[PDB]
Each structure stands twice: as structure tokens, then as C-alpha cells.
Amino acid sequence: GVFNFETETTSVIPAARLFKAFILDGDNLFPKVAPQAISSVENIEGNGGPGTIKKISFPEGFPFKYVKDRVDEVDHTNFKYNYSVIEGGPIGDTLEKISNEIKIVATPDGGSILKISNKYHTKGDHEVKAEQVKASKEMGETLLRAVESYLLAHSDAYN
């Protein structure tokens, strides 16, 4: 079955720039700006669009060793990005995939709002509980703030 979770968060970075950096250039940025969160990102196959598979490895001591994420859809006009966690980490005999949707919208003050949906597709009769969702939110927030700090400090990056 499916467990649906949603959250929103804010950024001080304008939407288009944040989408170009945080969403479209994570493979480069996350290990650079948040090395204590992400040890590496490997592109396994594909050229960036639907179907691209990346292997995201976590540092030693983290709960999970890695996940593989698959890009589902990329909307450059509306700053929407869909991807799924398809292997590793929590994926296995209790959990088939986690499908995610991110949308970034501009705010009049020159920042943005990120709207995030996470849909857990379980196998069998298993509950997706609060702690698991909190950890994913914490990871996302950490990555966002690290990219935000980098973009504030490197004004010529991603214009």
C-alpha cells in the first residue's frame, strides 16, 4: 500500500537558481557542501532525465550504506522534480520504493518555498512510522541549508 507524507520548507534563494543548484546539480554539490551527510554520488546510467539512476553513499556510521535513486520527471518550467528511492537503505522485503515529488515556488521577497511529497510503497503489512519520515526530512533540510550557504557565499555560481 502507500503511505503519503508531505512537508514544506522555505529558502532565502530564488526558485530558479535553487532548482538549478539544489535539484539539478546535487551530484556535484551534495558531497562538496555536505560531506558529513553524503560521501559520494555515482551516476550509474542515463543522461539526467527520466530513468537516470544514481547511487548515493552515506558516510561511515550512518544507519544505511547507500540508496539508489531514479529520476522520474524533471519540469524545468515549473521547477518540479520527481524521483524514487529504488534500492538500498530501507528498500527490501518491507518496502518496494519511495516516490518523491519536489516543487519549488517563488516568493515575493526573493526567496522560495519547497513543497515535498514522499510516498512509501510497502510490500505486505508494514507501517511507515514517524521516525523514518523525520530522518528523511532532517537529511533534506541539512542538504538544503548546506547548498543555501554555498549559494550565498558564491554569488557567481548557478546564475
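One rule holds for the numbers: they count along the sequence shown, beginning at 1.
The stretch 126-134 shows the higher mean C-alpha B-factor when 126-134 is compared against 66-74 in the entry.
For the pair 115-123 and 31-39, the mean Cα B-factor is higher in 115-123.
Per the deposited coordinates, the residue with the largest Cα temperature factor out of 26, 92, 51, 59 is 26. In the PDB entry, a CA B factor belonging to the middle third of its chain's modelled residues is recorded for residue 44.
Annotation for residue 152: CA B-factor lies in the lowest third of the chain's modelled residues. For residue 15, the recorded CA temperature factor ranks within the lowest third of the chain's modelled residues.
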